[PDB]
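Step one of this worksheet: look at the structure below.
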Amino acid sequence: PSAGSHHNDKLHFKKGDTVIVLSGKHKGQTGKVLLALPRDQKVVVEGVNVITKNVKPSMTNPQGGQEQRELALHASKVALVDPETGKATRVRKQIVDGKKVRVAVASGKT
Amino acid sequence: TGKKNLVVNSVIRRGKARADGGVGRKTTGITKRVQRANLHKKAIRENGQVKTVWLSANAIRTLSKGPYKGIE
Amino acid sequence: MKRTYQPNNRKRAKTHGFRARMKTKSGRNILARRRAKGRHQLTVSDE
Amino acid sequence: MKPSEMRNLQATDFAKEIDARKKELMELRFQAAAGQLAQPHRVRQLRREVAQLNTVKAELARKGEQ
Amino acid sequence: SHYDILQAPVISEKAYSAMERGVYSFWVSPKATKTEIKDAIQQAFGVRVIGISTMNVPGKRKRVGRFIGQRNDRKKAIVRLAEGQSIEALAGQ
RNA sequence: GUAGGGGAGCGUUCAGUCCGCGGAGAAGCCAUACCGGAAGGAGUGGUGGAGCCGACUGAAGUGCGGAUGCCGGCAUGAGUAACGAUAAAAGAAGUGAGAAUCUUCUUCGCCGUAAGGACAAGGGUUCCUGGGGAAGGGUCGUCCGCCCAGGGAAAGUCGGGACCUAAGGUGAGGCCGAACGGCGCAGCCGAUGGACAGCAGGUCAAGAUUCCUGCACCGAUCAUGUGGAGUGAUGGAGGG
RNA sequence: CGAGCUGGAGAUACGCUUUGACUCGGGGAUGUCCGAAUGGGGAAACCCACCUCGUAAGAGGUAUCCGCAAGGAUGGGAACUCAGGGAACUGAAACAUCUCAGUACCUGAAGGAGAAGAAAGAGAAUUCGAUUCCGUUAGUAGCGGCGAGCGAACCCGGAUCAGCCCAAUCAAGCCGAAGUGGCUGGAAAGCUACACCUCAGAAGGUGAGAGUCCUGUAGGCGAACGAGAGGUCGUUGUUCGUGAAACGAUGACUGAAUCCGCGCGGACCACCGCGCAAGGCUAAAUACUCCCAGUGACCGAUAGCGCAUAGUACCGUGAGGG
Ligand SMILES: [Mg+2]
Ligand SMILES: [Mg+2]
Ligand SMILES: [Mg+2]
Ligand SMILES: [Mg+2]
Ligand SMILES: [Mg+2]
Ligand SMILES: [Mg+2]
Ligand SMILES: [Mg+2]
Ligand SMILES: [Mg+2]
Ligand SMILES: [Mg+2]
Ligand SMILES: [Mg+2]
Ligand SMILES: [Mg+2]
Ligand SMILES: [Mg+2]
Ligand SMILES: [Mg+2]
Ligand SMILES: [Mg+2]
Ligand SMILES: [Mg+2]
Ligand SMILES: [Mg+2]
Ligand SMILES: [Mg+2]
Ligand SMILES: [Mg+2]
Ligand SMILES: [Mg+2]
Ligand SMILES: [Mg+2]
Ligand SMILES: [Mg+2]
Ligand SMILES: [Mg+2]
Ligand SMILES: [Mg+2]
Ligand SMILES: [Mg+2]
Ligand SMILES: [Mg+2]
Ligand SMILES: [Mg+2]
Ligand SMILES: [Mg+2]
Ligand SMILES: [Mg+2]
Ligand SMILES: [Mg+2]
Ligand SMILES: [Mg+2]
Ligand SMILES: [Mg+2]
Ligand SMILES: [Mg+2]
Ligand SMILES: [Mg+2]
Ligand SMILES: [Mg+2]
Ligand SMILES: [Mg+2]
Ligand SMILES: [Mg+2]
């Protein structure tokens, strides 16, 4: 049963956007959006961190080796930022221009 | 399959012993109930162009009186 | 000794197949009454 | 392009356009099953182009008949 | 059309040495005919074809997990030309 | 105190409602010498990982040792019986992580109107190459008809169709019949049969009157000729 | 719709897309072979053709019946409806009339429903006024080896209403309020101190229980395209089993009156009442539920459909089982 299922497969944010971790261990940290997977509702922030072992696989690399790279995350501990405050920061949707739609807070915008 | 009308349809059949009596004997007791069927005959006559076909008996009269659409 | 089942391709097909099963009413009936039970195996034609 | 480069061209070209698109598609195949076919996309893209071509000559030939 | 048909070439010790002989061998399209194949290669290879053969082959039913499946069945075709008229595009293999 | 009627209650779920607990740990499970007149229910300790106890009320798929009951699991019999023809095996050599069993060698034993060879029906990749060893193999297996991957099959003359008809099956019109339908002339389908042009050799790990070499045959359409006036069916006879 | 996409599938490499992809709604085009198959054959998915146009590659046509043509029919559909056909086990503690029951099944036709329908009627009040449906009358009147057992209708209340003609708005989407600090904890949504929203406290996701994170809800907008006669004989139907047997209904024989006339009122007669046969269509309420949605003192892995999916594995020559 899908994860975006109950979230109208809807990504409230976007590839690029800065983010801050609400709930978890990484409570509050900054990250550009490197990967935003809407259906599974998963997404990568430059924060997270992880040590993965990529097993024997002789090609490439005879021996294994390891790797410090980072585990993706669930767009529900992802939070968009408010340039002023920069924290727990909901979103309103307004219109600048000229049929270009946008995004404020309680003090726009981002 | 008569002239006017199809046909062939019918019918079950009973039958009873110690029948007949002083209007009521004691009464009639019955033995049977099975089933039968019914029919007609063959006759060759005309319509529009040329035809031959089956024809009843009632049809035979009804047509020898006059053409109720088909002729002889 | 010798057994019930001695396969014969022409027999098999000319007996149980599809042109065969449709040639008769009760075989149309067999057909759709199979289809309803979601047979993948519709008929020995489908072997 | 997708709209502007097909409807500007006439169908006696389309026949042999189809033809050449095919030909390259075929040589592509031979490559593929010979190895390596390092650009798989090009195949499906040529498919796409073909479908375009036919959609075109079709809708067109039937809209000129008005 | 005059291409679609020749679904691939054939690859093996055999095919290679036949090629070396001046006999070329392809997979083709089951429904096809031998006249059709002759017209095919004669068209898209500008060659004199004087010899031909075909043969439909099944397809190794194989399983990948609890999924017993048949492969698509092909139609290997062999052609022999005349006067050492080798075909270019495969002559390197 | 048996069949039986009566009386009061214990537990299970779902439900309404209140008391309320729970990641400093719910249910479920495990141990035990506590409590209740009994169905039962508490204390604490170990398990577990996210839900649940209690009171009152309502509704039930509501309490199992039996039905040669049903599903499933595991015991007995038992390390027993059997390893599927009494045609029979030895030694050397090799390989491997490991060999009575797999691969070479040299013998021995059995079949030999077969236990050899070639087809058909059926089976379907079991064929060949290289690999694998869980399970299939009645032991073992390094092996296999098992597992993986890749290859292999070639026709104008063989066999079937592009020709024929038998039994039989069909079948417009036709003959019948509550319906579906049952018959049924010609015609058509129908090989087990009629008809019919190619033989000899060579070779892939794996094909062979196919492919390759050598020398043939048959029908078809065109052309240069001999042309130089007849061709000969949907019916006739002969023949088959 | 606006940032990601490249099907489950979880795999590499190839790429695509802010000139707007992917996904969604809405039309179109292409759609091999089999199957009503339908050019002819055939052992379904294969074989062999003939004709028209094309330079070929191709494209069309070549079933049968109703028709002047145009045009319609063929086959499928879980149940629902109508019709031709029509069982038995069973019960009567045996059986045969009888009951099971016009039930099971077979078949024909047809639809989104169908059937029925516009009085020679119920009827007993000189009343109602086409039908279908429910309630009721009513287990009453009656039927019956008067045994088992079978069982109406008129009236009364509702549902929905109709009577016409002929022959001399939903379907894609958008927009939507309001919390933070400390604490335990692997992790806050929980504990806590103070907060604000509510036309929004239905729900679901987030490291453990979130009204104020997310998706949403109340609410508000919302598309180019998109959808709204008599008689006789053998019988039978209704509660109708030959019973006083009316009436309809037909198989075979007979086939009257048309207005000072015809038909019924449960034998039959007068009287006195209700009625216009021999020609047709008809929405509505009603039945079902393959499918879509909402709910639940319905199930949660021996339950629940057979299936957390599969009519598959497996058995069966087959139907079929599973
Ligand atoms: Mg061949
Ligand atoms: Mg295999
Ligand atoms: Mg409760
Ligand atoms: Mg519980
Ligand atoms: Mg037991
Ligand atoms: Mg015993
Ligand atoms: Mg011992
Ligand atoms: Mg013993
Ligand atoms: Mg012993
Ligand atoms: Mg022993
Ligand atoms: Mg042995
Ligand atoms: Mg021995
Ligand atoms: Mg040696
Ligand atoms: Mg060694
Ligand atoms: Mg041995
Ligand atoms: Mg032999
Ligand atoms: Mg082998
Ligand atoms: Mg073993
Ligand atoms: Mg080894
Ligand atoms: Mg016949
Ligand atoms: Mg033969
Ligand atoms: Mg011969
Ligand atoms: Mg022959
Ligand atoms: Mg030859
Ligand atoms: Mg989208
Ligand atoms: Mg096409
Ligand atoms: Mg056909
Ligand atoms: Mg009847
Ligand atoms: Mg009986
Ligand atoms: Mg009885
Ligand atoms: Mg029908
Ligand atoms: Mg009578
Ligand atoms: Mg009667
Ligand atoms: Mg009467
Ligand atoms: Mg369980
Ligand atoms: Mg189950």
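In the structure tokens, chains take letters A, B, ... by order of appearance, with residues numbered from 1 within each chain and ligands from 1 in the order shown.
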* **Close residues, stretch 8-12 of chain A itself excluded, 9 Å, only C-alpha atoms (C1' of nucleotides), min 3 positions apart in chain, as a PyMOL selection string** => (chain A and resi 2-5+36-41+75+80) or (chain G and resi 214-215)
Residue subset to file, keeping N, CA and C atoms (P, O5', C5', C4', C3', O3' and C1' of nucleotides), as a PDB file, in the first residue's frame:
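File produced: again_33.pdb:
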ATOM      1  N   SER A   2       0.837   2.064  -1.089  1.00  0.00           N
ATOM      2  CA  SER A   2       1.787   3.192  -1.293  1.00  0.00           C
ATOM      3  C   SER A   2       1.917   4.207  -0.137  1.00  0.00           C
ATOM      4  N   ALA A   3       2.985   5.004  -0.137  1.00  0.00           N
ATOM      5  CA  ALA A   3       3.183   5.980   0.940  1.00  0.00           C
ATOM      6  C   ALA A   3       2.566   7.339   0.610  1.00  0.00           C
ATOM      7  N   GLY A   4       2.609   7.711  -0.666  1.00  0.00           N
ATOM      8  CA  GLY A   4       1.943   8.909  -1.145  1.00  0.00           C
ATOM      9  C   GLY A   4       0.443   8.718  -1.270  1.00  0.00           C
ATOM     10  N   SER A   5       0.020   7.462  -1.241  1.00  0.00           N
ATOM     11  CA  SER A   5      -1.383   7.080  -1.129  1.00  0.00           C
ATOM     12  C   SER A   5      -2.280   8.074  -0.397  1.00  0.00           C
ATOM     13  N   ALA A  36      13.729  14.329  -4.762  1.00  0.00           N
ATOM     14  CA  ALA A  36      12.416  14.440  -4.179  1.00  0.00           C
ATOM     15  C   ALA A  36      11.492  13.473  -4.864  1.00  0.00           C
ATOM     16  N   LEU A  37      11.227  12.343  -4.198  1.00  0.00           N
ATOM     17  CA  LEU A  37      10.452  11.223  -4.760  1.00  0.00           C
ATOM     18  C   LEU A  37       9.043  11.217  -4.227  1.00  0.00           C
ATOM     19  N   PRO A  38       8.116  11.608  -5.094  1.00  0.00           N
ATOM     20  CA  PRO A  38       6.789  12.057  -4.696  1.00  0.00           C
ATOM     21  C   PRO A  38       5.886  10.905  -4.331  1.00  0.00           C
ATOM     22  N   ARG A  39       5.825   9.875  -5.186  1.00  0.00           N
ATOM     23  CA  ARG A  39       4.935   8.710  -5.024  1.00  0.00           C
ATOM     24  C   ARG A  39       5.222   7.939  -3.738  1.00  0.00           C
ATOM     25  N   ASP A  40       6.457   7.459  -3.613  1.00  0.00           N
ATOM     26  CA  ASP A  40       6.933   6.850  -2.373  1.00  0.00           C
ATOM     27  C   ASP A  40       6.960   7.884  -1.243  1.00  0.00           C
ATOM     28  N   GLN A  41       6.877   9.174  -1.615  1.00  0.00           N
ATOM     29  CA  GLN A  41       6.931  10.339  -0.704  1.00  0.00           C
ATOM     30  C   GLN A  41       8.241  10.366   0.096  1.00  0.00           C
ATOM     31  N   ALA A  75       9.057  13.006   3.330  1.00  0.00           N
ATOM     32  CA  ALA A  75       8.440  14.331   3.273  1.00  0.00           C
ATOM     33  C   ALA A  75       7.315  14.481   4.295  1.00  0.00           C
ATOM     34  N   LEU A  80       9.854  23.189   4.739  1.00  0.00           N
ATOM     35  CA  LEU A  80      10.271  24.403   4.046  1.00  0.00           C
ATOM     36  C   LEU A  80      10.658  25.484   5.063  1.00  0.00           C
TER      37      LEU A  80
ATOM     38  P     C G 214       1.824  22.010   6.794  1.00  0.00           P
ATOM     39  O5'   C G 214       1.772  20.631   6.025  1.00  0.00           O
ATOM     40  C5'   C G 214       2.938  20.112   5.417  1.00  0.00           C
ATOM     41  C4'   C G 214       2.713  18.709   4.964  1.00  0.00           C
ATOM     42  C3'   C G 214       1.406  18.469   4.233  1.00  0.00           C
ATOM     43  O3'   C G 214       1.458  18.856   2.871  1.00  0.00           O
ATOM     44  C1'   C G 214       1.752  16.774   5.841  1.00  0.00           C
ATOM     45  P     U G 215       0.205  19.606   2.198  1.00  0.00           P
ATOM     46  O5'   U G 215      -0.799  18.416   1.909  1.00  0.00           O
ATOM     47  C5'   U G 215      -0.417  17.338   1.080  1.00  0.00           C
ATOM     48  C4'   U G 215      -1.345  16.176   1.258  1.00  0.00           C
ATOM     49  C3'   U G 215      -2.814  16.483   1.094  1.00  0.00           C
ATOM     50  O3'   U G 215      -3.204  16.576  -0.263  1.00  0.00           O
ATOM     51  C1'   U G 215      -2.474  15.085   2.976  1.00  0.00           C
TER      52        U G 215
END
* Residues up to 10 Å from ligand 28, counting only C-alpha atoms (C1' of nucleotides) and all ligand atoms: could you list those as a list in words? => residues 9, 10, 11 and 12 of chain B; 84, 85, 86, 102 and 236 of chain G
Those same residues, written as a PDB file, in the first residue's frame with C-alpha atoms (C1' of nucleotides)?
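Here's the written file again-v4.pdb:
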ATOM      1  CA  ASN B   9     -50.041 -27.376 -28.676  1.00  0.00           C
ATOM      2  CA  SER B  10     -51.809 -29.433 -25.997  1.00  0.00           C
ATOM      3  CA  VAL B  11     -52.635 -31.085 -23.282  1.00  0.00           C
ATOM      4  CA  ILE B  12     -52.673 -33.752 -20.553  1.00  0.00           C
TER       5      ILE B  12
ATOM      6  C1'   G G  84     -42.367 -23.393 -25.429  1.00  0.00           C
ATOM      7  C1'   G G  85     -40.944 -27.838 -22.408  1.00  0.00           C
ATOM      8  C1'   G G  86     -41.204 -29.621 -17.806  1.00  0.00           C
ATOM      9  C1'   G G 102     -45.042 -25.096 -12.838  1.00  0.00           C
ATOM     10  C1'   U G 236     -56.564 -27.229 -18.204  1.00  0.00           C
TER      11        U G 236
END
Write out as a PDB file with N, CA and C atoms (P, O5', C5', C4', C3', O3' and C1' of nucleotides), in the first residue's frame each polymer residue whose atoms come within 12 Å of stretch 175-179 of chain F, counting only C-alpha atoms (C1' of nucleotides); drop sequence neighbours fewer than 3 positions from it.
ATOM      1  N   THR B   1     -48.170 -25.909 -36.885  1.00  0.00           N
ATOM      2  CA  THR B   1     -47.803 -24.877 -37.845  1.00  0.00           C
ATOM      3  C   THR B   1     -48.880 -24.670 -38.921  1.00  0.00           C
ATOM      4  N   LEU B   6     -49.643 -20.738 -35.703  1.00  0.00           N
ATOM      5  CA  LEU B   6     -48.923 -21.981 -35.492  1.00  0.00           C
ATOM      6  C   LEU B   6     -49.971 -22.942 -34.909  1.00  0.00           C
ATOM      7  N   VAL B   7     -49.552 -24.110 -34.438  1.00  0.00           N
ATOM      8  CA  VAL B   7     -50.427 -24.934 -33.611  1.00  0.00           C
ATOM      9  C   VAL B   7     -49.614 -25.925 -32.797  1.00  0.00           C
ATOM     10  N   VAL B   8     -49.969 -27.200 -32.944  1.00  0.00           N
ATOM     11  CA  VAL B   8     -49.318 -28.355 -32.305  1.00  0.00           C
ATOM     12  C   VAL B   8     -49.490 -28.476 -30.780  1.00  0.00           C
ATOM     13  N   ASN B   9     -50.048 -27.449 -30.145  1.00  0.00           N
ATOM     14  CA  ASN B   9     -50.041 -27.376 -28.676  1.00  0.00           C
ATOM     15  C   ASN B   9     -51.265 -27.982 -27.922  1.00  0.00           C
ATOM     16  N   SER B  10     -51.005 -28.436 -26.692  1.00  0.00           N
ATOM     17  CA  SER B  10     -51.809 -29.433 -25.997  1.00  0.00           C
ATOM     18  C   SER B  10     -50.900 -29.928 -24.863  1.00  0.00           C
ATOM     19  N   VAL B  11     -51.317 -30.634 -23.793  1.00  0.00           N
ATOM     20  CA  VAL B  11     -52.635 -31.085 -23.282  1.00  0.00           C
ATOM     21  C   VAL B  11     -52.242 -32.291 -22.431  1.00  0.00           C
ATOM     22  N   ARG B  36     -50.357 -35.872 -23.829  1.00  0.00           N
ATOM     23  CA  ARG B  36     -50.573 -36.117 -25.258  1.00  0.00           C
ATOM     24  C   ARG B  36     -50.090 -34.930 -26.085  1.00  0.00           C
ATOM     25  N   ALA B  37     -50.466 -34.919 -27.361  1.00  0.00           N
ATOM     26  CA  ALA B  37     -50.277 -33.760 -28.235  1.00  0.00           C
ATOM     27  C   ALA B  37     -51.245 -33.828 -29.433  1.00  0.00           C
ATOM     28  N   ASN B  38     -51.331 -32.752 -30.223  1.00  0.00           N
ATOM     29  CA  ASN B  38     -52.358 -32.628 -31.275  1.00  0.00           C
ATOM     30  C   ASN B  38     -51.857 -32.019 -32.612  1.00  0.00           C
ATOM     31  N   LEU B  39     -52.573 -32.241 -33.722  1.00  0.00           N
ATOM     32  CA  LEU B  39     -52.163 -31.692 -35.036  1.00  0.00           C
ATOM     33  C   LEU B  39     -53.307 -31.397 -36.050  1.00  0.00           C
ATOM     34  N   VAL B  53     -46.424 -26.078 -49.238  1.00  0.00           N
ATOM     35  CA  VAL B  53     -46.536 -26.020 -47.757  1.00  0.00           C
ATOM     36  C   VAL B  53     -47.580 -26.876 -46.986  1.00  0.00           C
ATOM     37  N   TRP B  54     -47.593 -26.697 -45.658  1.00  0.00           N
ATOM     38  CA  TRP B  54     -48.556 -27.326 -44.753  1.00  0.00           C
ATOM     39  C   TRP B  54     -49.791 -26.458 -44.642  1.00  0.00           C
TER      40      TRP B  54
ATOM     41  P     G F 182     -29.236 -32.323 -34.551  1.00  0.00           P
ATOM     42  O5'   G F 182     -30.461 -33.215 -35.032  1.00  0.00           O
ATOM     43  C5'   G F 182     -30.812 -34.412 -34.351  1.00  0.00           C
ATOM     44  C4'   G F 182     -31.803 -35.221 -35.148  1.00  0.00           C
ATOM     45  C3'   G F 182     -31.303 -35.753 -36.479  1.00  0.00           C
ATOM     46  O3'   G F 182     -30.534 -36.932 -36.347  1.00  0.00           O
ATOM     47  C1'   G F 182     -33.391 -34.727 -36.803  1.00  0.00           C
ATOM     48  P     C F 183     -29.467 -37.334 -37.478  1.00  0.00           P
ATOM     49  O5'   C F 183     -30.136 -36.791 -38.811  1.00  0.00           O
ATOM     50  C5'   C F 183     -29.847 -37.392 -40.061  1.00  0.00           C
ATOM     51  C4'   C F 183     -31.099 -37.608 -40.866  1.00  0.00           C
ATOM     52  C3'   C F 183     -30.920 -37.618 -42.384  1.00  0.00           C
ATOM     53  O3'   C F 183     -30.549 -38.896 -42.895  1.00  0.00           O
ATOM     54  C1'   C F 183     -32.665 -36.131 -41.805  1.00  0.00           C
ATOM     55  P     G F 184     -29.087 -39.146 -43.527  1.00  0.00           P
ATOM     56  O5'   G F 184     -29.153 -38.363 -44.909  1.00  0.00           O
ATOM     57  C5'   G F 184     -29.907 -38.869 -45.993  1.00  0.00           C
ATOM     58  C4'   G F 184     -30.533 -37.756 -46.787  1.00  0.00           C
ATOM     59  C3'   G F 184     -29.584 -36.933 -47.640  1.00  0.00           C
ATOM     60  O3'   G F 184     -29.286 -37.548 -48.880  1.00  0.00           O
ATOM     61  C1'   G F 184     -30.966 -35.491 -46.402  1.00  0.00           C
ATOM     62  P     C F 185     -27.781 -37.992 -49.244  1.00  0.00           P
ATOM     63  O5'   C F 185     -27.701 -37.682 -50.802  1.00  0.00           O
ATOM     64  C5'   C F 185     -28.662 -38.230 -51.690  1.00  0.00           C
ATOM     65  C4'   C F 185     -28.747 -37.461 -52.987  1.00  0.00           C
ATOM     66  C3'   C F 185     -27.454 -36.890 -53.525  1.00  0.00           C
ATOM     67  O3'   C F 185     -26.607 -37.861 -54.103  1.00  0.00           O
ATOM     68  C1'   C F 185     -29.165 -35.292 -53.748  1.00  0.00           C
TER      69        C F 185
ATOM     70  P     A G  83     -45.245 -16.111 -19.154  1.00  0.00           P
ATOM     71  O5'   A G  83     -44.845 -16.938 -20.464  1.00  0.00           O
ATOM     72  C5'   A G  83     -45.419 -16.625 -21.734  1.00  0.00           C
ATOM     73  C4'   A G  83     -44.660 -17.271 -22.879  1.00  0.00           C
ATOM     74  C3'   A G  83     -44.563 -18.796 -22.847  1.00  0.00           C
ATOM     75  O3'   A G  83     -45.686 -19.428 -23.443  1.00  0.00           O
ATOM     76  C1'   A G  83     -42.404 -17.862 -23.201  1.00  0.00           C
ATOM     77  P     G G  84     -46.232 -20.834 -22.880  1.00  0.00           P
ATOM     78  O5'   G G  84     -45.437 -21.900 -23.756  1.00  0.00           O
ATOM     79  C5'   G G  84     -45.603 -21.961 -25.164  1.00  0.00           C
ATOM     80  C4'   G G  84     -44.648 -22.950 -25.782  1.00  0.00           C
ATOM     81  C3'   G G  84     -44.487 -24.267 -25.036  1.00  0.00           C
ATOM     82  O3'   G G  84     -45.515 -25.203 -25.297  1.00  0.00           O
ATOM     83  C1'   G G  84     -42.367 -23.393 -25.429  1.00  0.00           C
ATOM     84  P     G G  85     -45.975 -26.231 -24.149  1.00  0.00           P
ATOM     85  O5'   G G  85     -44.598 -26.873 -23.670  1.00  0.00           O
ATOM     86  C5'   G G  85     -43.947 -27.840 -24.471  1.00  0.00           C
ATOM     87  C4'   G G  85     -42.718 -28.411 -23.810  1.00  0.00           C
ATOM     88  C3'   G G  85     -42.910 -29.133 -22.496  1.00  0.00           C
ATOM     89  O3'   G G  85     -43.555 -30.388 -22.622  1.00  0.00           O
ATOM     90  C1'   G G  85     -40.944 -27.838 -22.408  1.00  0.00           C
ATOM     91  P     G G  86     -44.742 -30.785 -21.610  1.00  0.00           P
ATOM     92  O5'   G G  86     -43.983 -30.968 -20.227  1.00  0.00           O
ATOM     93  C5'   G G  86     -42.875 -31.835 -20.142  1.00  0.00           C
ATOM     94  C4'   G G  86     -41.960 -31.470 -19.007  1.00  0.00           C
ATOM     95  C3'   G G  86     -42.547 -31.559 -17.627  1.00  0.00           C
ATOM     96  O3'   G G  86     -42.692 -32.890 -17.190  1.00  0.00           O
ATOM     97  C1'   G G  86     -41.204 -29.621 -17.806  1.00  0.00           C
ATOM     98  P     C G 106     -30.016 -25.662 -17.597  1.00  0.00           P
ATOM     99  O5'   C G 106     -30.935 -26.368 -18.666  1.00  0.00           O
ATOM    100  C5'   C G 106     -30.455 -27.448 -19.437  1.00  0.00           C
ATOM    101  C4'   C G 106     -31.334 -27.664 -20.624  1.00  0.00           C
ATOM    102  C3'   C G 106     -31.487 -26.459 -21.533  1.00  0.00           C
ATOM    103  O3'   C G 106     -30.420 -26.310 -22.453  1.00  0.00           O
ATOM    104  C1'   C G 106     -33.620 -27.292 -21.021  1.00  0.00           C
ATOM    105  P     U G 107     -29.920 -24.839 -22.861  1.00  0.00           P
ATOM    106  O5'   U G 107     -31.048 -24.351 -23.879  1.00  0.00           O
ATOM    107  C5'   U G 107     -31.431 -25.157 -24.989  1.00  0.00           C
ATOM    108  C4'   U G 107     -32.824 -24.818 -25.471  1.00  0.00           C
ATOM    109  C3'   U G 107     -33.053 -23.376 -25.871  1.00  0.00           C
ATOM    110  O3'   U G 107     -32.548 -23.061 -27.147  1.00  0.00           O
ATOM    111  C1'   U G 107     -34.810 -24.050 -24.478  1.00  0.00           C
ATOM    112  P     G G 108     -31.922 -21.610 -27.402  1.00  0.00           P
ATOM    113  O5'   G G 108     -33.208 -20.730 -27.728  1.00  0.00           O
ATOM    114  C5'   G G 108     -34.073 -21.067 -28.803  1.00  0.00           C
ATOM    115  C4'   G G 108     -35.219 -20.099 -28.893  1.00  0.00           C
ATOM    116  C3'   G G 108     -34.848 -18.635 -28.698  1.00  0.00           C
ATOM    117  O3'   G G 108     -34.429 -18.012 -29.900  1.00  0.00           O
ATOM    118  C1'   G G 108     -36.615 -19.187 -27.254  1.00  0.00           C
ATOM    119  P     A G 109     -33.247 -16.921 -29.886  1.00  0.00           P
ATOM    120  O5'   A G 109     -34.020 -15.567 -29.558  1.00  0.00           O
ATOM    121  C5'   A G 109     -35.284 -15.282 -30.138  1.00  0.00           C
ATOM    122  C4'   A G 109     -36.045 -14.277 -29.317  1.00  0.00           C
ATOM    123  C3'   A G 109     -35.239 -13.105 -28.797  1.00  0.00           C
ATOM    124  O3'   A G 109     -35.044 -12.104 -29.773  1.00  0.00           O
ATOM    125  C1'   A G 109     -36.638 -13.950 -27.077  1.00  0.00           C
TER     126        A G 109
END
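DSSP annotation of stretch 1-44 of chain C from backbone atoms: helix (DSSP H, G or I) residues are residues 9, 10, 11, 12, 13, 14, 15, 16, 18, 19, 20, 21, 22, 23, 25, 26, 27, 28, 29, 30, 31, 32, 33, 34 and 35 of chain C.
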* Mind the document's chain letters and residue numbers, and return as an NGL selection string the residues of stretch 56-103 of chain A that DSSP labels strand (DSSP E or B). => :A and (66-68 or 73-74 or 92-95 or 101-103)
Let me see the file: selected residues, C-alpha atoms, as a compact mmCIF listing (two decimals), in the first residue's frame.
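result-v9.txt, freshly written:
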# COMPACT_ATOMS: atom_id res chain seq x y z
CA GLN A 66 32.57 1.40 2.26
CA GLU A 67 31.00 4.79 1.64
CA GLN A 68 29.82 7.78 3.63
CA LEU A 73 13.75 10.59 3.94
CA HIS A 74 10.01 11.00 4.31
CA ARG A 92 0.32 29.96 1.94
CA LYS A 93 -0.07 30.17 -1.80
CA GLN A 94 -0.34 33.56 -3.49
CA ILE A 95 0.13 35.07 -6.96
CA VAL A 101 1.99 31.15 -8.70
CA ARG A 102 3.96 31.28 -5.49
CA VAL A 103 4.48 30.63 -1.91
Using only C-alpha atoms (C1' of nucleotides) and all ligand atoms, what are the residues with an atom within 9 Å of ligand 34, set out as a PDB file with N, CA, C and O atoms (P, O5', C5', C4', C3', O3' and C1' of nucleotides), in the first residue's frame?
ATOM      1  P     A G 246     -69.718 -25.394 -17.271  1.00  0.00           P
ATOM      2  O5'   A G 246     -70.138 -23.899 -16.909  1.00  0.00           O
ATOM      3  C5'   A G 246     -71.383 -23.621 -16.289  1.00  0.00           C
ATOM      4  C4'   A G 246     -71.425 -22.222 -15.744  1.00  0.00           C
ATOM      5  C3'   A G 246     -70.597 -21.200 -16.494  1.00  0.00           C
ATOM      6  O3'   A G 246     -71.223 -20.737 -17.669  1.00  0.00           O
ATOM      7  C1'   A G 246     -70.176 -20.985 -14.197  1.00  0.00           C
ATOM      8  P     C G 247     -70.482 -20.899 -19.080  1.00  0.00           P
ATOM      9  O5'   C G 247     -69.219 -19.949 -18.912  1.00  0.00           O
ATOM     10  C5'   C G 247     -69.389 -18.570 -18.625  1.00  0.00           C
ATOM     11  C4'   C G 247     -68.069 -17.865 -18.437  1.00  0.00           C
ATOM     12  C3'   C G 247     -66.992 -18.161 -19.473  1.00  0.00           C
ATOM     13  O3'   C G 247     -67.144 -17.387 -20.654  1.00  0.00           O
ATOM     14  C1'   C G 247     -66.078 -18.293 -17.293  1.00  0.00           C
ATOM     15  P     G G 248     -66.527 -17.889 -22.050  1.00  0.00           P
ATOM     16  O5'   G G 248     -64.955 -17.778 -21.800  1.00  0.00           O
ATOM     17  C5'   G G 248     -64.315 -16.508 -21.730  1.00  0.00           C
ATOM     18  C4'   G G 248     -62.934 -16.597 -21.105  1.00  0.00           C
ATOM     19  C3'   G G 248     -61.848 -17.267 -21.941  1.00  0.00           C
ATOM     20  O3'   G G 248     -61.274 -16.394 -22.906  1.00  0.00           O
ATOM     21  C1'   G G 248     -61.784 -18.106 -19.725  1.00  0.00           C
ATOM     22  P     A G 249     -60.993 -16.911 -24.403  1.00  0.00           P
ATOM     23  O5'   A G 249     -59.938 -18.086 -24.183  1.00  0.00           O
ATOM     24  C5'   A G 249     -58.613 -17.817 -23.737  1.00  0.00           C
ATOM     25  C4'   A G 249     -57.893 -19.086 -23.337  1.00  0.00           C
ATOM     26  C3'   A G 249     -57.831 -20.180 -24.385  1.00  0.00           C
ATOM     27  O3'   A G 249     -56.861 -19.945 -25.382  1.00  0.00           O
ATOM     28  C1'   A G 249     -58.449 -21.128 -22.327  1.00  0.00           C
TER      29        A G 249
END
